[PDB]
Amino acid sequence: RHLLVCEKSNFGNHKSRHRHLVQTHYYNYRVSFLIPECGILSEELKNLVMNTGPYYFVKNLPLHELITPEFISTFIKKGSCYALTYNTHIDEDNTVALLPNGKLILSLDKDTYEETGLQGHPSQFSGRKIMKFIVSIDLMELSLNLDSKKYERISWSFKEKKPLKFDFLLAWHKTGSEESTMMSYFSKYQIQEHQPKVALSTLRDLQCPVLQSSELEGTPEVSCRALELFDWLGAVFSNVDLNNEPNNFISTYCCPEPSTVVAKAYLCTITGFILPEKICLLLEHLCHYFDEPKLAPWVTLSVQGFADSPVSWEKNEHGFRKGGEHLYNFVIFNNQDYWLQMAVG
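Quick note: the sequence shown, position 226, residue 237 per the authors' numbering, numbers continuous.
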(Lines of atoms letter the chains of each structure in order from A and count residues from 1; the text may use other names and numbers.)
(Lines give C-alpha, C1' and ligand atoms only; values in the text may rest on other atoms or scores of the structure.)
Protein backbone atom coordinates (compact mmCIF):
# COMPACT_ATOMS: atom_id res chain seq x y z
CA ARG A 1 0.00 0.00 0.00
CA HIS A 2 1.69 3.16 -1.29
CA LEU A 3 0.03 6.57 -1.34
CA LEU A 4 -0.71 7.97 -4.81
CA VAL A 5 -3.21 10.77 -4.21
CA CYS A 6 -3.58 12.79 -1.01
CA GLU A 7 -5.85 15.84 -1.18
CA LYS A 8 -7.82 18.17 1.08
CA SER A 9 -11.33 19.41 0.34
CA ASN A 10 -14.78 20.08 1.78
CA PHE A 11 -18.09 18.28 1.22
CA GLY A 12 -19.82 21.66 1.02
CA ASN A 13 -17.55 22.83 -1.78
CA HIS A 14 -18.84 22.85 -5.36
CA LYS A 15 -15.49 21.56 -6.61
CA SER A 16 -15.67 18.46 -4.42
CA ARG A 17 -16.01 15.38 -6.63
CA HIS A 18 -16.46 12.93 -3.75
CA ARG A 19 -19.77 11.83 -5.26
CA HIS A 20 -18.21 11.10 -8.64
CA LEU A 21 -15.23 9.30 -7.10
CA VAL A 22 -17.38 6.82 -5.19
CA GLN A 23 -19.70 6.25 -8.14
CA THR A 24 -16.93 5.62 -10.68
CA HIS A 25 -15.39 2.91 -8.50
CA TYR A 26 -17.85 0.19 -9.44
CA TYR A 27 -16.55 -2.99 -7.83
CA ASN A 28 -16.11 -2.62 -4.08
CA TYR A 29 -15.17 -5.60 -1.92
CA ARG A 30 -14.55 -4.22 1.56
CA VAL A 31 -16.02 -1.13 3.23
CA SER A 32 -14.74 -0.11 6.66
CA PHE A 33 -15.19 2.90 8.94
CA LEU A 34 -13.81 3.92 12.34
CA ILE A 35 -15.22 6.28 14.97
CA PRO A 36 -13.05 7.38 17.93
CA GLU A 37 -14.98 7.89 21.19
CA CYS A 38 -18.26 6.27 20.19
CA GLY A 39 -19.89 3.60 22.33
CA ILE A 40 -23.24 2.72 20.78
CA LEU A 41 -24.04 2.95 17.08
CA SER A 42 -27.12 4.97 16.11
CA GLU A 43 -30.23 3.23 14.76
CA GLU A 44 -30.25 5.37 11.61
CA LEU A 45 -26.73 4.23 10.75
CA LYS A 46 -27.13 0.62 11.90
CA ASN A 47 -30.03 0.18 9.47
CA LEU A 48 -27.87 1.69 6.73
CA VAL A 49 -25.00 -0.67 7.53
CA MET A 50 -27.31 -3.68 7.69
CA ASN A 51 -28.85 -2.91 4.30
CA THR A 52 -25.91 -2.49 1.93
CA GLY A 53 -27.05 -5.59 0.08
CA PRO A 54 -28.30 -7.61 -1.53
CA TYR A 55 -26.02 -9.12 -4.17
CA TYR A 56 -26.09 -12.36 -6.14
CA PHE A 57 -23.94 -15.28 -7.25
CA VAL A 58 -24.37 -17.38 -10.40
CA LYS A 59 -22.34 -20.48 -11.24
CA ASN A 60 -21.13 -20.95 -14.83
CA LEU A 61 -23.22 -18.20 -16.41
CA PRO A 62 -22.62 -18.05 -20.19
CA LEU A 63 -21.79 -14.63 -21.65
CA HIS A 64 -24.53 -14.85 -24.28
CA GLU A 65 -27.02 -14.44 -21.44
CA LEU A 66 -25.71 -10.92 -20.83
CA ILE A 67 -26.16 -9.63 -24.38
CA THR A 68 -29.75 -10.69 -25.07
CA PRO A 69 -32.39 -8.01 -25.78
CA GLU A 70 -34.16 -9.41 -22.71
CA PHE A 71 -31.30 -8.68 -20.31
CA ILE A 72 -30.50 -5.29 -21.84
CA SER A 73 -34.07 -3.98 -21.68
CA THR A 74 -34.78 -5.44 -18.25
CA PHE A 75 -31.71 -4.59 -16.17
CA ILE A 76 -29.28 -2.35 -18.06
CA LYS A 77 -31.79 0.22 -19.33
CA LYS A 78 -33.86 0.29 -16.15
CA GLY A 79 -31.08 0.88 -13.62
CA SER A 80 -27.39 0.60 -12.78
CA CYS A 81 -26.31 -3.00 -13.34
CA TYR A 82 -23.03 -4.39 -11.97
CA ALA A 83 -21.20 -7.68 -12.60
CA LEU A 84 -17.77 -9.26 -12.13
CA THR A 85 -16.25 -12.73 -12.44
CA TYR A 86 -15.51 -14.61 -9.23
CA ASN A 87 -12.30 -16.42 -8.25
CA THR A 88 -10.64 -15.61 -11.58
CA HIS A 89 -7.16 -14.10 -11.41
CA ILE A 90 -6.49 -11.28 -13.88
CA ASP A 91 -2.82 -12.13 -14.50
CA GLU A 92 -3.66 -15.56 -15.91
CA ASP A 93 -7.36 -16.46 -15.84
CA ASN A 94 -10.02 -14.81 -17.99
CA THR A 95 -12.04 -11.96 -16.48
CA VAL A 96 -15.34 -10.31 -17.44
CA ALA A 97 -16.99 -7.18 -16.04
CA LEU A 98 -20.34 -5.47 -16.65
CA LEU A 99 -20.30 -1.73 -16.05
CA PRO A 100 -23.37 0.40 -15.21
CA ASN A 101 -22.49 2.06 -18.53
CA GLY A 102 -23.89 -1.04 -20.20
CA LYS A 103 -20.39 -1.79 -21.40
CA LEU A 104 -19.32 -5.44 -21.25
CA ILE A 105 -15.55 -5.56 -20.76
CA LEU A 106 -13.72 -8.89 -20.90
CA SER A 107 -10.02 -9.40 -20.22
CA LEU A 108 -8.80 -12.52 -22.02
CA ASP A 109 -5.53 -14.38 -22.54
CA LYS A 110 -3.92 -14.74 -25.97
CA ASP A 111 -5.39 -18.20 -26.62
CA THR A 112 -8.95 -17.26 -25.68
CA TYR A 113 -8.89 -13.89 -27.47
CA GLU A 114 -8.04 -15.56 -30.77
CA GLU A 115 -10.77 -18.15 -30.29
CA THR A 116 -13.50 -15.58 -29.64
CA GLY A 117 -12.75 -13.76 -32.90
CA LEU A 118 -13.58 -10.38 -31.39
CA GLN A 119 -11.69 -7.14 -31.98
CA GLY A 120 -9.90 -5.86 -28.90
CA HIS A 121 -6.56 -4.43 -27.81
CA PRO A 122 -3.41 -5.70 -26.05
CA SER A 123 -3.80 -5.13 -22.30
CA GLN A 124 -0.86 -6.41 -20.27
CA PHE A 125 2.60 -7.17 -21.65
CA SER A 126 5.42 -9.46 -20.54
CA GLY A 127 8.11 -7.54 -22.41
CA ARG A 128 7.70 -8.02 -26.15
CA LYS A 129 5.05 -10.68 -25.56
CA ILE A 130 1.33 -10.10 -25.02
CA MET A 131 -0.37 -11.79 -22.07
CA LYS A 132 -3.77 -10.12 -21.86
CA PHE A 133 -6.29 -8.60 -24.26
CA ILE A 134 -9.28 -6.35 -23.59
CA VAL A 135 -12.51 -6.49 -25.57
CA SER A 136 -15.02 -3.72 -24.94
CA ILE A 137 -18.67 -4.20 -25.90
CA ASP A 138 -21.15 -1.33 -25.59
CA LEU A 139 -24.56 -2.95 -25.06
CA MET A 140 -26.29 0.43 -24.92
CA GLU A 141 -25.18 1.29 -28.45
CA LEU A 142 -25.81 -2.23 -29.75
CA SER A 143 -29.34 -2.13 -28.34
CA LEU A 144 -30.10 0.68 -30.77
CA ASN A 145 -29.29 -1.57 -33.72
CA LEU A 146 -29.62 -5.24 -32.77
CA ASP A 147 -30.00 -6.17 -36.44
CA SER A 148 -26.54 -4.85 -37.31
CA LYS A 149 -23.69 -7.10 -38.43
CA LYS A 150 -21.84 -5.99 -35.30
CA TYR A 151 -24.35 -7.64 -32.97
CA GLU A 152 -24.84 -10.98 -34.73
CA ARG A 153 -21.06 -11.29 -35.01
CA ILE A 154 -20.70 -10.73 -31.26
CA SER A 155 -23.72 -12.97 -30.68
CA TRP A 156 -22.24 -15.71 -32.89
CA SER A 157 -19.00 -15.46 -30.92
CA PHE A 158 -20.70 -15.91 -27.55
CA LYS A 159 -23.20 -18.53 -28.69
CA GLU A 160 -21.69 -20.78 -31.35
CA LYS A 161 -17.96 -20.15 -31.84
CA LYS A 162 -16.52 -19.75 -28.34
CA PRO A 163 -19.19 -20.20 -25.61
CA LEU A 164 -17.52 -18.76 -22.50
CA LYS A 165 -19.00 -19.23 -19.02
CA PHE A 166 -18.03 -17.80 -15.63
CA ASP A 167 -19.00 -17.60 -11.97
CA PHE A 168 -20.52 -14.14 -11.63
CA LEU A 169 -21.07 -11.63 -8.85
CA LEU A 170 -24.28 -9.70 -9.52
CA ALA A 171 -25.95 -6.58 -8.14
CA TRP A 172 -28.52 -4.08 -9.39
CA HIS A 173 -29.46 -0.59 -8.23
CA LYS A 174 -33.09 -0.20 -9.26
CA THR A 175 -34.41 2.95 -10.91
CA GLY A 176 -37.40 1.08 -12.30
CA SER A 177 -41.14 1.67 -12.05
CA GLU A 178 -41.52 -1.71 -13.74
CA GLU A 179 -40.19 -4.42 -11.44
CA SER A 180 -38.67 -7.80 -12.29
CA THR A 181 -36.15 -9.42 -9.96
CA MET A 182 -32.82 -11.05 -10.79
CA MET A 183 -33.59 -14.14 -8.72
CA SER A 184 -36.46 -15.05 -11.04
CA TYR A 185 -34.74 -14.11 -14.29
CA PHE A 186 -31.72 -16.31 -13.59
CA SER A 187 -33.64 -19.18 -11.99
CA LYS A 188 -32.49 -21.76 -14.54
CA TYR A 189 -29.00 -21.27 -13.16
CA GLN A 190 -28.96 -21.86 -9.39
CA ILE A 191 -28.63 -18.19 -8.46
CA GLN A 192 -28.11 -17.33 -4.79
CA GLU A 193 -29.18 -14.25 -2.85
CA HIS A 194 -26.51 -12.87 -0.54
CA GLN A 195 -26.06 -10.26 2.17
CA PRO A 196 -22.74 -8.53 2.97
CA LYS A 197 -20.80 -9.53 6.09
CA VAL A 198 -21.15 -6.87 8.77
CA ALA A 199 -18.56 -6.92 11.55
CA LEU A 200 -18.74 -4.49 14.48
CA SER A 201 -15.57 -4.40 16.56
CA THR A 202 -15.26 -2.28 19.70
CA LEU A 203 -11.67 -1.46 20.65
CA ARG A 204 -10.79 -0.44 24.20
CA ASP A 205 -8.19 2.21 25.08
CA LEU A 206 -7.02 2.96 21.54
CA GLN A 207 -4.19 5.39 20.77
CA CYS A 208 -5.26 7.70 17.95
CA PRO A 209 -3.27 10.27 15.89
CA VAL A 210 -3.94 14.00 16.32
CA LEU A 211 -4.77 15.77 13.06
CA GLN A 212 -5.20 19.27 11.69
CA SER A 213 -7.78 19.61 8.91
CA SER A 214 -5.89 22.31 7.02
CA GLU A 215 -2.49 20.64 7.39
CA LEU A 216 -1.98 17.54 5.24
CA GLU A 217 1.70 17.31 6.14
CA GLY A 218 0.85 18.65 9.59
CA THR A 219 2.69 20.97 11.94
CA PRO A 220 5.51 19.18 13.86
CA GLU A 221 4.77 18.38 17.54
CA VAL A 222 1.24 19.71 17.04
CA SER A 223 -0.36 17.31 14.55
CA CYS A 224 0.52 14.21 12.53
CA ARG A 225 0.80 13.87 8.75
CA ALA A 226 -1.85 12.41 6.46
CA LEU A 227 0.69 9.79 5.37
CA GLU A 228 1.18 8.73 8.98
CA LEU A 229 -2.57 8.25 9.42
CA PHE A 230 -2.75 6.20 6.23
CA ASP A 231 -0.19 3.67 7.45
CA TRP A 232 -1.62 3.62 10.98
CA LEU A 233 -5.15 3.15 9.66
CA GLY A 234 -4.05 0.22 7.52
CA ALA A 235 -2.29 -1.28 10.53
CA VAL A 236 -5.40 -1.07 12.72
CA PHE A 237 -7.44 -2.88 10.09
CA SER A 238 -4.72 -5.48 9.55
CA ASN A 239 -4.83 -6.55 13.20
CA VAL A 240 -8.61 -6.53 13.57
CA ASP A 241 -9.47 -8.02 10.17
CA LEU A 242 -6.89 -10.81 10.11
CA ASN A 243 -8.12 -12.56 13.26
CA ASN A 244 -4.92 -14.59 13.45
CA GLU A 245 -4.31 -18.06 14.88
CA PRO A 246 -3.17 -18.32 18.55
CA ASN A 247 0.35 -17.30 17.43
CA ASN A 248 -0.03 -13.76 16.07
CA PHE A 249 -3.06 -12.16 17.71
CA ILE A 250 -0.87 -9.62 19.51
CA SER A 251 -0.69 -6.29 17.66
CA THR A 252 2.78 -4.99 16.79
CA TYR A 253 1.96 -1.62 15.21
CA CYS A 254 2.69 1.82 16.67
CA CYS A 255 0.58 4.98 16.68
CA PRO A 256 2.06 8.25 15.36
CA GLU A 257 2.57 11.10 17.82
CA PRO A 258 1.33 13.60 18.96
CA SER A 259 -1.56 11.26 19.75
CA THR A 260 -4.55 10.86 22.06
CA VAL A 261 -5.91 7.80 23.84
CA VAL A 262 -9.59 6.97 23.30
CA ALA A 263 -11.73 4.82 25.60
CA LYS A 264 -14.40 3.58 23.18
CA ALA A 265 -13.39 2.93 19.56
CA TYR A 266 -16.02 1.63 17.14
CA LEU A 267 -14.79 -0.22 14.06
CA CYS A 268 -17.17 -1.55 11.41
CA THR A 269 -16.32 -3.66 8.37
CA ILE A 270 -18.69 -4.50 5.53
CA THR A 271 -17.59 -7.24 3.14
CA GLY A 272 -19.04 -8.64 -0.08
CA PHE A 273 -20.18 -7.12 -3.36
CA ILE A 274 -21.01 -3.57 -2.31
CA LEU A 275 -22.60 -1.09 -4.72
CA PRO A 276 -21.22 2.49 -4.90
CA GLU A 277 -24.77 3.77 -4.35
CA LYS A 278 -24.72 2.18 -0.90
CA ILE A 279 -21.28 3.65 -0.19
CA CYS A 280 -22.59 7.08 -1.21
CA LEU A 281 -25.34 6.66 1.38
CA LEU A 282 -22.82 5.62 4.02
CA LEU A 283 -20.48 8.50 3.16
CA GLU A 284 -23.37 10.96 3.33
CA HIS A 285 -24.28 9.81 6.84
CA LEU A 286 -20.70 9.91 8.11
CA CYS A 287 -20.49 13.42 6.67
CA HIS A 288 -23.47 14.53 8.76
CA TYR A 289 -22.23 12.61 11.79
CA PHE A 290 -20.93 15.93 13.11
CA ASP A 291 -24.21 17.81 12.73
CA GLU A 292 -24.62 17.17 16.43
CA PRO A 293 -21.58 17.98 18.61
CA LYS A 294 -19.48 14.85 19.17
CA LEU A 295 -16.45 13.69 21.16
CA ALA A 296 -14.78 12.39 18.02
CA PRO A 297 -12.12 14.63 16.44
CA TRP A 298 -12.71 12.90 13.09
CA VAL A 299 -14.07 9.76 11.45
CA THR A 300 -12.70 7.52 8.70
CA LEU A 301 -14.20 5.80 5.65
CA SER A 302 -12.16 3.17 3.80
CA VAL A 303 -13.03 1.26 0.62
CA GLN A 304 -11.13 -1.63 -0.97
CA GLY A 305 -11.87 -2.87 -4.48
CA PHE A 306 -11.35 -6.19 -6.23
CA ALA A 307 -7.83 -7.10 -7.35
CA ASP A 308 -9.03 -9.08 -10.37
CA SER A 309 -11.02 -6.50 -12.33
CA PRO A 310 -10.25 -5.26 -15.88
CA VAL A 311 -8.15 -2.11 -16.34
CA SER A 312 -9.53 0.14 -19.08
CA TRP A 313 -7.51 2.58 -21.18
CA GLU A 314 -9.48 5.60 -19.97
CA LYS A 315 -7.79 7.53 -17.17
CA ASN A 316 -9.58 9.04 -14.17
CA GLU A 317 -9.45 12.65 -13.00
CA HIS A 318 -6.35 11.89 -10.93
CA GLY A 319 -4.15 10.93 -13.87
CA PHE A 320 -4.09 7.12 -13.97
CA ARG A 321 -6.11 4.33 -15.58
CA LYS A 322 -9.47 3.29 -14.14
CA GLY A 323 -9.91 -0.25 -12.85
CA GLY A 324 -7.87 -2.77 -10.88
CA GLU A 325 -7.75 -2.89 -7.09
CA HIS A 326 -8.58 0.57 -5.80
CA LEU A 327 -8.08 1.60 -2.18
CA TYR A 328 -9.29 4.99 -0.99
CA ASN A 329 -9.85 6.68 2.36
CA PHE A 330 -12.07 9.54 3.50
CA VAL A 331 -10.88 11.30 6.64
CA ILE A 332 -13.93 13.27 7.76
CA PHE A 333 -13.54 16.22 10.14
CA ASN A 334 -16.23 18.07 12.09
CA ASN A 335 -16.44 21.04 9.73
CA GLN A 336 -17.22 18.89 6.67
CA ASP A 337 -13.56 19.16 5.69
CA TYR A 338 -12.09 15.89 4.44
CA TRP A 339 -8.91 14.18 3.29
CA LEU A 340 -8.99 12.06 0.14
CA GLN A 341 -6.34 9.34 0.03
CA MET A 342 -5.72 6.74 -2.68
CA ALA A 343 -3.32 3.81 -3.01
CA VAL A 344 -2.19 0.86 -5.12
CA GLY A 345 -0.84 -2.59 -4.18
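Ideal placement from N, C-alpha and C gives every residue a C-beta, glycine not left out.
Query: Inter-stretch contact at 8 Å, needing at least 3 Cβ pairs: the stretch 104-122 / the stretch 139-157; Result: yes
Query: Distance between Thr106 and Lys140 (C-alpha atoms, nearest Å); Result: 19 Å
Query: Assumed close pair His184, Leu286 - CB separation to whole angstroms, cut-off 8 Å; Result: 6 Å
Query: For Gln34, three-class secondary structure by DSSP; Result: helix
Query: C-alpha gap between residue 6 and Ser166, whole angstroms; Result: In the structure as shown, the chain starts at 12 and stops at 356, and residue 6 therefore has no counterpart that could be examined.
Query: Environment of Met193 [buried if 16+ CB atoms lie within 10 Å]; Result: buried
Query: Whether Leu72 touches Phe179 by CB criterion (8 Å); Result: yes
Query: Helix, strand or coil at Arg28 [DSSP, three-state]; Result: coil
Query: Span of the beta strand (DSSP E) around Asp216; Result: 208-220
Query: Proximity of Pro257 and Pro220 at Cβ, strictly below 8 Å; Result: no
Query: Element boundaries [beta strand (DSSP E), containing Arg41]; Result: 39-47
Query: 7 Å CB neighbourhood of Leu292 in its chain, flanking five on each side removed; Result: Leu59
Query: Limits of the beta strand (DSSP E) - the one that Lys333 falls within; Result: 332-334
Query: For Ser166, the first and last residue of its enclosing alpha helix (DSSP H); Result: 160-167
Query: Whole runs of the beta strand (DSSP E) within the stretch 127-160, excluding any shorter than 3 residues; Result: 132-136, 141-149
Query: Reference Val342; option with closest CA among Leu294, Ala318, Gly356, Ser320; Result: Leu294
Query: Bridge partner(s) assigned by DSSP for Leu109; Result: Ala94, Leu115
Query: Three-state secondary structure assigned by DSSP to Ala318; Result: coil
Query: Short Cβ contact (8 Å threshold) for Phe86 with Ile202; Result: no
Query: Span of the alpha helix (DSSP H) around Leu238; Result: 237-253
Query: Paired residues, beta bridge with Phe344 - DSSP; Result: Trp309
Query: At least three beta-carbon pairs within less than 8 Å, the stretch 92-104 to the stretch 294-313; Result: no
Query: Assumed close pair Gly283, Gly90 - CB separation to whole angstroms, cut-off 8 Å; Result: At roughly 19 Å, the Cβ-Cβ gap does not stay under 8 Å, so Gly283 and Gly90 are not in contact.
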